[PDB]
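What follows is a single structure, written as structure tokens, with notes after it.
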Amino acid sequence: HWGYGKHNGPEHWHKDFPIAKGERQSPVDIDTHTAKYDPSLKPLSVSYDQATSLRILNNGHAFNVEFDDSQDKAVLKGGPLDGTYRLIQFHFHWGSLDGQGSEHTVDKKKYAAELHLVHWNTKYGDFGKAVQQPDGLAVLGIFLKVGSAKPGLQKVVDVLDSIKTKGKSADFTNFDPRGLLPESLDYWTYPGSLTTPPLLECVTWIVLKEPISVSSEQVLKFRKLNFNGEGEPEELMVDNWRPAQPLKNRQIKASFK
Ligand SMILES: NS(=O)(=O)c1ccc(NS(=O)(=O)CCNC(=O)Nc2ccccc2)cc1
Ligand SMILES: NS(=O)(=O)c1ccc(NS(=O)(=O)CCNC(=O)Nc2ccccc2)cc1
Ligand SMILES: [Zn+2]
């Protein structure tokens, strides 16, 4: 099956998921000189006060913090979006080295990691239906640079020892995802896809301009995770990012000047 290795990585995915060569694939490079300010874009509305985190899972590709999405508890609205999108999970993509790891790039710059807060459009009833729709998902992407620690990330960092290997999960209640946001909600937006198989073209991407900073010790602990299951050959979970894909017939819009 698919992965990030030399024999099963992004250059192989099209063989089982031909949409990998489609018209609206993600991530992309964000050319800040070609993205156009759109005054019709509204401020984003991030309403996470009632968020209910439940569990953290190592799925062999990343780790997902999962939320209760059976009511409007943690929702994203506004910006480019029509309607209400519920947070179902967040996860990250990161590098083996501080100079790489993000999926989106900004003027070809790679960040150390990238956080994806994944939301689905409530008009489609459930996440599985939503991924089949061109406006089914909204993923809020946030870049991570290495610098000062991010206090709101530490609870995530600290549980990773309990989910080192593929298939391990741990209770992860009462986590507040607002602690992962930067100060500014200025963003770029474009239509795209899931960045992992099945690569479905169902995502409105909203990528924040302002990165968050995490410490070297925090990102080092991401890199101690394992892609493999317990008892299999140890392979460090690093470089779990897809590189930028062709923008094709798409425009990236900026919420700011
Ligand atoms: N019940 S919950 O606690 O709120 C919950 C449940 C699962 C997750 N995991 S996930 O976010 O990675 C989404 C996993 N993908 C699907 O579930 N796909 C799907 C869904 C319906 C039909 C066909 C396919 C997170 C929270
Ligand atoms: N990197 S990204 O573009 O933000 C991105 C990439 C993928 C997803 N999909 S996901 O949430 O479901 C996590 C993957 N897990 C499954 O698909 N599980 C599953 C599968 C079949 C049936 C039931 C469950 C979301 C965001
Ligand atoms: Zn992702």
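Cβ placement follows ideal geometry from the backbone for every residue including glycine, while neighbour counts extend to all protein chains displayed. Any read-out appearing in this document is the output of simple, stated calculations on the displayed coordinates, not a laboratory observation.
Remarks
- Under the Karplus curve 6.51 cos²θ - 1.76 cosθ + 1.60, θ = phi - 60°, whole-Hz ³J(HN,Hα) for the stretch 182-191, x wherever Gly or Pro sits: x, 5, 8, 9, 4, 8, 10, 9, 7, x
- Using a cut-off of 28 Å between Cα atoms, the listed pairs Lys15/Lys36; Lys168/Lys248; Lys109/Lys253; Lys123/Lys253; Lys129/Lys209; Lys109/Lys166 include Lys15/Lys36; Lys168/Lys248; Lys129/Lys209; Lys109/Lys166 as exceeding that distance.
- Computed log₁₀ I(q)/I(0) - Debye formula, equal Cα scatterers, no solvent, the chain, q 0.12, 0.16 Å⁻¹: -0.67, -1.30
- If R0 is taken as 22 Å, the Cβ-Cβ distance between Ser216 and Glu183 corresponds to a FRET efficiency of 0.50.
- Taking θ as phi - 60° and the Karplus parameters 6.51, -1.76 and 1.60, the scalar couplings of the stretch 224-239 work out to 8, 5, 10, 5, 7, x, 4, x, 8, x, 6, 10, 5, 7, 9, 6 Hz in sequence order, x denoting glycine and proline.
- Computed over the chain: relative contact order in percent, which uses C-alpha pairs under 8 Å that are six or more apart: 26
- Treating r as the C-beta distance of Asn228 and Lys123 and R0 as 35 Å, the FRET efficiency rounds to 0.35.
- Cα extents for the stretch 149-213 along the principal axes, largest to smallest and rounded to whole angstrom: 36, 33, 19.
- For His1, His14, order by how many other beta-carbon atoms lie within 10 Å, fewest first: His1, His14
- Over the stretch 37-185: Rg over Rh, Cα atoms, Kirkwood Rh: 0.96
- Residues of the stretch 175-217 falling in the label zone of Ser162, defined by backbone nitrogen less than 18 Å from a point 7 Å along Cα to beta-carbon, are 175-177.
- Annotation: the residues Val146, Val159, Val203, sorted from fewest to most other C-beta atoms within 10 Å of their own C-beta, follow the order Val159, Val146, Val203.
- If both residues of a DSSP beta bridge must be in the chain, then about 80% of such bridges are antiparallel.
- The stretch 183-216 and the stretch 12-69 have Cα centres separated by 5 Å.
- Listed from fewest to most Cβ neighbours within 10 Å, the set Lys166, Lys257 follows the order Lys257, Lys166.
- As a calculated quantity, the FRET efficiency between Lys248 and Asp49 at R0 = 25 Å, using C-beta atoms, amounts to about 0.05.
- According to the Cα-based calculation, Rg over Rh for the stretch 12-61 is 1.11, with Rh computed by the Kirkwood formula.
- The simple spin-label model puts a point 7 Å past each Cα toward its Cβ; for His33 and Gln132 those points are separated by 4.5 nm.
- Simple spin-label estimate for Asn8 and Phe256 in nanometres, 7 Å along Cα-Cβ: 4.0
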